[PDB]
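Residue numbers (PDB author numbering), protein chains in the order written: chain 4Q, 1 to 44, 47 to 360, 369 to 439; chain 4R, 1 to 44, 47 to 360, 369 to 439; chain 1D, 1 to 39, 44 to 441; chain 1E, 1 to 39, 44 to 441. Ideal Cβ positions, reconstructed from N, Cα and C, are used throughout, including at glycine.
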Ligand SMILES: Nc1nc2c(ncn2[C@@H]2O[C@H](COP(=O)(O)OP(=O)(O)OP(=O)(O)O)[C@@H](O)[C@H]2O)c(=O)[nH]1
Ligand SMILES: Nc1nc2c(ncn2[C@@H]2O[C@H](COP(=O)(O)OP(=O)(O)OP(=O)(O)O)[C@@H](O)[C@H]2O)c(=O)[nH]1
Ligand SMILES: Nc1nc2c(ncn2[C@@H]2O[C@H](COP(=O)(O)OP(=O)(O)O)[C@@H](O)[C@H]2O)c(=O)[nH]1
Ligand SMILES: Nc1nc2c(ncn2[C@@H]2O[C@H](COP(=O)(O)OP(=O)(O)O)[C@@H](O)[C@H]2O)c(=O)[nH]1
Ligand SMILES: [Mg+2]
Ligand SMILES: [Mg+2]
């Protein structure tokens, strides 16, 4: 029960998800074919949340892979773990979003979304008791920003009670990967604040550091960055898929981490993150995993938490460990950083412990941080937005696809109705 | 408990420390890998003071190796006992101090020290109850004089109660190894008298004699000199790491040996020091070890103690021996040298006996001498300083790195506010 | 299944495609017979090679010229067996450096033959994205017939991503006399039709083939290799699965801020010879600084005399996306590369897993990574200010106008094209300034 | 990771580097192809050899000359395969013993090409310490182009440790006539830019190669071997782990008391032939007295006519640090070696574990220890007093001035360079005296 339908939009969400279903199929002992080949029934105890059992004791991933061009899917369906998905789920268009939000949300998104929701409604009725939908997309792309935020507006109307957690790859502070990514972000944050119960801001600049600084990867490809995003993604729902000494799920992480319904923009974090040689020179203890999370250099959203206050904090742990060793360290980082945590939420640390470690690990963590440090995430984008929009640059690639300037006047004001709220609840006594 | 974080600055402090962790890893039976391979649990009883226990029953040295050029560290990390340190601890810059104090304390030191203290604060919080920080550096170099005395000014602000013992290789009387070593010393003694609880003055000229005269080494390399410094360094904390019949530590040696807080400049001494053949022609007795310490030709600081008065004297002994045989000899050298000891400190001999001898020794000593013989150590340097400074020679390699002449007017006067104090408490009735 | 057909107008456009379709056959293992030995592709060729009934693949190319000679060398060359002979379209007499003969006199004859051959290809395309029109601004065919053709494709399709790869006239190198006439006239028409026209100049490839390749004597064989590496690297994300793909719809979205300004200048790197394939290591930080260096661009413009509006780094091969961010974040800190005030996000990044291959008989070296920068900049306003100045000197004396009036064109139409080009000239002045407050 | 690039200006600087980079390839096992057989190094080569993609290492050297002939012998010599051919920079006409042609006329042409090739090397350096400019004071390129280049590197970098290895003009040996002009002019410019310029003289190596090596006929092949052993032993502490290492930042700190006075004179020992590699034992006490002996220095100056301000003994090989103190403490007691009154600490000592290797075809002998003394002394004021006296005789008649005025230089600029050199001449008189009280 409590099944989760995984939706992938954009080139980015497919490349994360194809690595994400590599982690899930290893945690559950699933072969490349689709059959179970693990050791214990605990992998088969909650196999049903991400898997439908097909005939012949094979399992298909409960995944809906959406694109607007076939270039990403043919890399997915022909690579490793590509013969495990159903061929029905690959719902892709032909024209491509063109790295455009309006082509992803109005023109080519709407000409595919009815063939997507009928695969959603097919998978949603195949669920026993639906927990909610997780989505993996970007905010700089055209499909993942356009088709993704079009899927959320259709789903929240059709499923108002279910949780809608998105794994949005927010654009990077230093470099861009798209000229019009301040436009694709601001038009998506207009659609994320009203229809998602939570949203995990990830930056590619921060994962460039964590591969180089923390893991000592001189040559990190996307296959190395996506194994860090998927380590968070499997680590969020690891207490829903496995027994633990203190089980959490996607509603405990919704209630405990969202004090105000707009302010559901989180930053993740993972621990342990070690190098190849430097993992035998380190004691894997809960006080070691705790202080590895709460520093600046282990935040996957490229912002220092010292510039803001943590509103709420979740620390989902994996592997066998003792609860006092946890609960002291959840207190220990709150005593020394009492100004760094928000004051009017006393004891703002959510704790979750799973009994099953990741494969090849003794114990592991999964940090979820809701801070006012990501007001600078939107101070940067809305400054990059307004510098482009006051010259009306690239406007005709959106106005020609069915959009007015009133769409931008609202979406910029909606983001500055969110920057002023993190400033309100950082200044709150 | 009572853990000690070892810090190494400069080329010299690394070459001492790489030999120092060769002695500690032999006294504790530690392999080149990092694992315990001794015989008794007394090596594992106080293993935790210099070691953190990693996973897999391996021990990493609690050591922070700091340089400004990678030339010293690559000799350390690739030689013997180089695979035992954590790769995180090797915090080195690229530019090099250039044998300059101002480049070590202002320009290239400050652009690395925040990445050093975060390794200090990582190791300091890994300590159970911190005893204090030991530092190994020089006063003639640029890094060990600059980066080292920059580390002490940061640490004493952050840890005001902890002991800060430095092992400063003070420059030699006859030869120099640096043209500007009267400048690097005087600008460091400005920083040593206000932020170190004690400081062990070692001269390379005196170890050139002790290798030639006492040990009969015709060809002593630095690997033979550093085994004599590390024999003192392990001999100072040997009662903190092992049970003894009269245990001392780094606070007993702080309280008993520092009568006035500036006057914490010590000279060490070690016994027995024998040749290869001449060690079976000698009875290893406590009266033999005692009279070997207190002569002029066994002081690692190149000054005769007969030119001054011993203020305080510590004699940390190792190996099984009887206390009357000790306490007679601590009295016997005080009766015959009653003018050589200071008068207004009656019974100025601190005694410590450890039960564990060094490896390959029946018994051993470790002399700590606080004398007014090292007023001539600063009569020589401040004369070499003022001869160079009155012509303002080499001033532009310091003034161009962010320094005025008022820095030298204070640092020279601070040393002559210390020369006049040893003259005050040698003339004291 | 993301098909993309290409049109080749003029003598320049056919000779470019003779190197482009030479390059595409080597990237997919295609013989000049079409019989690729299938003894790893997996529908990689589909965006350009509609398959026949046998084991023969034919290209989605429409080679059109009004004179037969450049088509007949394809018909007798190595790629005789490759191309569908109905696609190889000839006229009888060329437009012959006359825009009005390419647009009114001769071009109206076979325009219904070309639109027929497009519509036969566009019907067997199931996921057709856009067009790749290869032409030049100088010749009468590449100016006149293209501008006639781009009128017709926007009528018939409109929403398709019509891309051009134009040979822009050099500031001091001109192989024709009425290049200031054919370039102003063809841009007045292709402005409201072409989605993103990629400028390429000959003189800036004369610079690169002499300096960067150390060739004393570069031929139009060699200049068309460098343009083929551009168009391959743009369509490398369609044909091959990459770590971060990019469609042709994404280029017009990321690079075109205003519908007038759609003229980026391409730039390829590394361009090094075989002796210099050694002696350097070619990181993604090393090959990225080569693109923003003003000497290595392929339009003779000084980007330090303007501002980049949108850059588009299209990496391919052994490229690691973390070192990409290391390469790009440094360049926004450098003062010589400056962006416009309204554009904080001045990049679109694409990565392909496939390296560029080398054509045998080629002059480039085998490299494990490449980059095709497509940078829309303000520095092209210096190029249009020259070309109006070359227009205004010739037209004030009414030179060569009787060769154009006598072919159906109004004399006052030149006043329409010049004042519209002057209206485009102030647009880069309007966009190139900062914002008040 | 402590990278250090080197520049080679003039005919002298290239021919020095032809022996220096010959020596560095033998110390790291590098073939002239760059393919070192890796069948113990462990990032020893990193300070000079940026690695390529293959198993090929290329040097961090910028060989610049305004005439092609000395570069072309490198391009056709044994080390053709080693050097990156973009680094081998040629002009067309030499400066040709004209400082103004090296600094104004010809040097301004390729100075942006050289600063480009430096900045390509300086970007792939991760821990770049400083520069090794090899030039001569006599030639027009080594004086004019170096002084133009050192103006530009202090603008672009400033804080890097810019070191020079200059061929100082001998007192009685002069292979050019206007060496008293090119040496005064290049020192007026390099004074405020070069951090520590190492003087080397030809005649004092004519003394050493005749006496100490027993060669009747020493060639410029042989004089450049002895300068290569100097620059190897200075950068031996970077490339190899020593018992007491020394960085290039430590040399400018220990040897330069005043920013004007930064002119030490190098001295190498042991310089003995193969027959005399026997017949003596070469302790570190034996090879230290060879350096302070006035006959064995490599600038024709009498150190007994002045005082040492800072000496720098750079030992390498089988060296024991206790016997070092035995070697040095005796020399401060000797009366012929005297220091200045303000300097009690007149030494910087470095020890490397690696012996100097011998080049096959070399004239030095295989020794287990060496020493490169870098002694900043007052005895170089005798050298500048000669060179102003050679300047003042030529300039009073205004000889050769029209070859310099006609190339863009002011005639009054010679009054600027001479009065500044006179201001440098009194500095050694100001420092060489003792202190009152
Ligand atoms: N880059 C490149 N440009 C070419 C090549 N061949 C011709 N050109 C350019 O083409 C321009 C002239 O246009 P053409 O293509 O020769 O003539 P056209 O477009 O067929 O029109 P007509 O004059 O009627 O034949 C010249 O300015 C050349 O720069 C080529 O192989 N490579
Ligand atoms: N030590 C040493 N000096 C050399 C060597 N070759 C030339 N020189 C010196 O170079 C000086 C003349 O400068 P050059 O390098 O020949 O000329 P340049 O610097 O290239 O300037 P131009 O005259 O314009 O060519 C002479 O005084 C020589 O002493 C050499 O191989 N070894
Ligand atoms: N973390 C991560 N981000 C990616 C990856 N591939 C692409 N992206 C990001 O996705 C954005 C482009 O979106 P994309 O999905 O490729 O374009 P779209 O298909 O039109 O939505 C860029 O800003 C990239 O930073 C990946 O493998 N990992
Ligand atoms: N006792 C001892 N002293 C050394 C050793 N190596 C260098 N030194 C001393 O260190 C001083 C040079 O300092 P160094 O650390 O090398 O320079 P820095 O790195 O710039 O601080 C010299 O005065 C030497 O006497 C060694 O192995 N043992
Ligand atoms: Mg033509
Ligand atoms: Mg020359």
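8 Å Cβ cutoff, residue i in contact with chain 4Q
{"i": "residue 359 (chain 1D)", "result": "no"}
{"i": "residue 267 (chain 1D)", "result": "no"}
{"i": "residue 88 (chain 4R)", "result": "yes"}
Minimum Cβ-Cβ distance from residue i to chain 1D less than 8 Å
{"i": "residue 198 (chain 1E)", "result": "no"}
{"i": "residue 406 (chain 4Q)", "result": "yes"}
{"i": "residue 179 (chain 4Q)", "result": "yes"}
{"i": "residue 62 (chain 1E)", "result": "yes"}
{"i": "residue 54 (chain 1E)", "result": "yes"}
CA nearest to the CA of residue i, picked from the options
{"i": "residue 159 (chain 4R)", "options": "422 (chain 4R), 196 (chain 4R), 263 (chain 4R), 317 (chain 4R)", "result": "196 (chain 4R)"}
{"i": "residue 10 (chain 4Q)", "options": "41 (chain 4Q), 63 (chain 4Q), 168 (chain 4Q), 2 (chain 4Q)", "result": "168 (chain 4Q)"}
{"i": "residue 440 (chain 4Q)", "options": "150 (chain 4Q), 231 (chain 4Q), 210 (chain 4Q)", "result": "A query on residue 440 (chain 4Q) cannot be resolved here, the shown segment of chain 4Q reaching from 1 to 439 and no further."}
{"i": "residue 88 (chain 1E)", "options": "260 (chain 1D), 278 (chain 1D), 262 (chain 1D)", "result": "278 (chain 1D)"}
{"i": "residue 358 (chain 1D)", "options": "57 (chain 4Q), 77 (chain 4Q), 343 (chain 4Q), 87 (chain 4Q)", "result": "77 (chain 4Q)"}
{"i": "residue 265 (chain 4R)", "options": "202 (chain 4R), 12 (chain 4R), 334 (chain 4R), 281 (chain 4R)", "result": "202 (chain 4R)"}
Three-state class that DSSP yields for residue i in the structure shown
{"i": "residue 134 (chain 4R)", "result": "strand"}
{"i": "residue 132 (chain 1E)", "result": "coil"}
{"i": "residue 47 (chain 1E)", "result": "coil"}
{"i": "residue 275 (chain 1D)", "result": "coil"}
{"i": "residue 391 (chain 4Q)", "result": "helix"}
{"i": "residue 354 (chain 1D)", "result": "strand"}
{"i": "residue 378 (chain 1E)", "result": "strand"}
Cβ of residue i within 8 Å of any chain 4R Cβ
{"i": "residue 282 (chain 4Q)", "result": "yes"}
{"i": "residue 37 (chain 1E)", "result": "no"}
{"i": "residue 286 (chain 4Q)", "result": "yes"}
{"i": "residue 302 (chain 1E)", "result": "no"}
{"i": "residue 364 (chain 1E)", "result": "no"}
task = Starting from the N-terminal side, write out each stretch of the alpha helix (DSSP H) that is 4 residues or longer and does not extend beyond the stretch 164-236 of chain 4Q.
result = 183-194, 206-211
Which residues count as close to ligand 2 when the rule is a CB under 5 Å from any of its heavy atoms, in chain order?
10 (chain 1E), 11 (chain 1E), 12 (chain 1E), 15 (chain 1E), 98 (chain 1E), 99 (chain 1E), 100 (chain 1E), 101 (chain 1E), 140 (chain 1E), 142 (chain 1E), 143 (chain 1E), 144 (chain 1E), 145 (chain 1E), 146 (chain 1E), 171 (chain 1E), 179 (chain 1E), 206 (chain 1E), 224 (chain 1E), 227 (chain 1E), 228 (chain 1E)
Practice item. Scan the stretch 224-293 of chain 1D and note each continuous beta strand (DSSP E) run of 3 residues or more that stays entirely inside, going in chain order. Key: 269-273
Starting from the N-terminal side, write out each stretch of the beta strand (DSSP E) that is 3 residues or longer and does not extend beyond the stretch 99-179 of chain 1E. 134-140, 165-172
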